[PDB]
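Engineer: Here it is: the structure, laid out below.
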Amino acid sequence: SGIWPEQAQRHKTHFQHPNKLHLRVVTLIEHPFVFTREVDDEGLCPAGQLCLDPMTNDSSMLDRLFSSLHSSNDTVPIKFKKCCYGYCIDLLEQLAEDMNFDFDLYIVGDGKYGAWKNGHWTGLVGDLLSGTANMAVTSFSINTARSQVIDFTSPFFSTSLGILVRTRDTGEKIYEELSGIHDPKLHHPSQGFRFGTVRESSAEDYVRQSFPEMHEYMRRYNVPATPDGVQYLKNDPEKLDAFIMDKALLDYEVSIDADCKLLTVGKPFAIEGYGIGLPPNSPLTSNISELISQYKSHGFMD
């Protein structure tokens, strides 16, 4: 008793087996990808993952959270513990099972992508450039000037930008006959067409770098998050009109729309791609690429 590996495998590996490599993975606050909810009285997540949100994008805070999670102190408060579940959690679990690495995932304080602000990068790009975060396996659109500061991995899902407008009540029901970026009514507000986008996102930076003259309305109509904007659009007072975002993020919102008003129309344009940020000088990039290729070939990711 004590020397046998099966009898001793209670809190450690089988027999001097290399445990999961502790990595720093970060995710967003988007509900279609990770549904932020509360924990039970025991402080665990049976269906979701033990994701922590400190309400701040501080490197020391996440360092302390990872130091407390590795040890058995369990000093995290009750209301700080969250249960994240969705596509990102399942993908991270599959990657951890197929590559044997630690699936510790924390919630970023800001909850957005992070565009060029104050002459630097915020959100996830700032954490990737600082050196704290090691992987960025989540919804992350590849921008023009953003893919040159960090090494994006192979996009697991070829996403695109999709216009999300409401069906104006008219004798058939009419709507916004938009064709895409080349549409004339998209650049100039057609009869006071309010422009709205996600704050500190890739599409926002793309619009600011392409045509900054129409970015004032988008900056003044910054929404806190995607579900908040969806709920504001579904509300009776029509405050915003344009909700251009990724197609995969808005598909879940259109599917659960009980009002049959929000829908994604228009031809697929501006292929962004859900990239994965990863700092250079890392041998795990090839393994992640091979795993993504295997998932796309087998079809289990779909």
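Just so it is clear, chain A uses Swiss-Prot numbers, and the residues here are 493-662, 770-901, in order.
How was it done? The header gives electron microscopy, 7.7 Å.
Any Cβ shown, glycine's included, is placed from N, Cα and C.
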Engineer: Scan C575, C576, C580 and flag the one Swiss-Prot records as disulfide-linked to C543.
Structural biologist: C576
Engineer: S631, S633, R638, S801 bind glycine according to Swiss-Prot; which of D582, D590, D845 goes with them?
Structural biologist: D845
Engineer: Please identify, from the recorded positions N549, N565, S631, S633, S801, the residue with the sparsest Cβ neighbourhood, meaning fewest other Cβ atoms within 10 angstroms.
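Structural biologist: Across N549, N565, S631, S633, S801, these recorded positions, the one with fewest Cβ atoms within 10 Å is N565.
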Engineer: Work through the recorded positions one by one (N549, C576, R638) and name whichever has its CA nearest to the CA of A802 (D-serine binding site).
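Structural biologist: Nearest by Cα distance to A802 (D-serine binding site): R638.
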Engineer: Return one of helix, strand or coil for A802 (D-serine binding site), based on DSSP.
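Structural biologist: The residue in question, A802 (D-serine binding site), is helix (DSSP, three-state).
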Engineer: By CA distance, which of the recorded positions (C543, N549, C576, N886) lies nearest to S801 (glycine binding site)?
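Structural biologist: Checked the recorded positions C543, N549, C576, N886; minimum Cα distance to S801 (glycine binding site) goes to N549.
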Engineer: Tell me which of the binding-site residues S631, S633, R638, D845 ends up closest to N565 (N-linked glycosylation site) in space, Cα to Cα.
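Structural biologist: Ranked by Cα distance from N565 (N-linked glycosylation site), first place goes to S631.
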Engineer: What count of other C-beta atoms do you get within 10 angstroms of the C-beta of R638 (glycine binding site), across all chains shown?
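Structural biologist: Excluding its own Cβ, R638 (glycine binding site) sees 23 Cβ atoms within 10 Å.
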Engineer: Take the C-alpha atoms of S633 (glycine binding site) and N886 (N-linked glycosylation site) and report the distance between them in angstrom, rounded.
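Structural biologist: Given the Cα positions, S633 (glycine binding site) is 21 Å from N886 (N-linked glycosylation site).
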